[PDB]
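Q: From the sequence below, what's the structure:
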Amino acid sequence: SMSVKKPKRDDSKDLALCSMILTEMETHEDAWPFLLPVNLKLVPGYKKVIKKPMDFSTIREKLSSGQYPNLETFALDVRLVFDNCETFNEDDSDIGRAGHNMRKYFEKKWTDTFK
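A: Residues are numbered from 1 along each chain as shown. Coordinates below:
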């Protein structure tokens, strides 16, 4: 409360560490469905159904331009990529399976880096 603060968790490395995690996600062999924004002209249904599209290239640009206020807003966008994927793709499809694999990979790196 006013003039009463918990001890300051060091966040000065968070930008660098999120950049490293994002590089590892970008270079995973199953990243291909997620590298670029879904083409809203060419993929019927996507525009209407997926209210907030997100992809790795868009996260990379937001990261590089100071558009994440803290490390939690960065994790929210990464999770959005996988939540969108599960909304639009069957579990038993190459893309559906890619999404599950990537979400697993991310969540381990997140825990190991920050928790």
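
Q: close enough to count as contact, residue 37 and residue 60?
A: No: contact between residue 37 and residue 60 fails when scored by C-beta atoms under 8 Å: they sit 11.7 Å apart. Every C-beta, even on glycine, is put in place using the N, C-alpha and C of the backbone.

Q: More neighbours: which of these two?
A: Higher neighbour count among residue 37 and residue 60: residue 60, with 16 against 13, using other C-beta atoms under 10 Å.

Q: so the more buried one makes contact with residue 25?
A: No: contact criterion C-beta under 8 Å: residue 60 and residue 25 do not qualify, at 9.8 Å.

Q: Output the longest helix belonging to this protein.
A: Ranked by number of residues, the top helix in the chain under DSSP state H is helix 94-114.

Q: Give me the most central residue, this structure.
A: Nearest to the mean C-alpha position of the chain, by C-alpha atoms, centre = their mean, lies residue 78 at 1.2 Å.

Q: Output the contacting helices and strands for the helix or strand harbouring it.
A: Using DSSP states H and E, residue 78 falls within helix 71-88. Helices and strands touching helix 71-88, by 3 or more C-beta pairs under 8 Å, 6 or more residues apart in numbering; DSSP states H and E, are helix 14-27, helix 46-49, helix 56-64, helix 94-114.

Q: Helix 71-88 and the third one, what's the angle between them?
A: Here helix 56-64 runs at an angle of 170 degrees relative to helix 71-88 (axes from the mean of the first three to the mean of the last three C-alpha atoms, to 10 degrees).

Q: Right, I'll leave it there.
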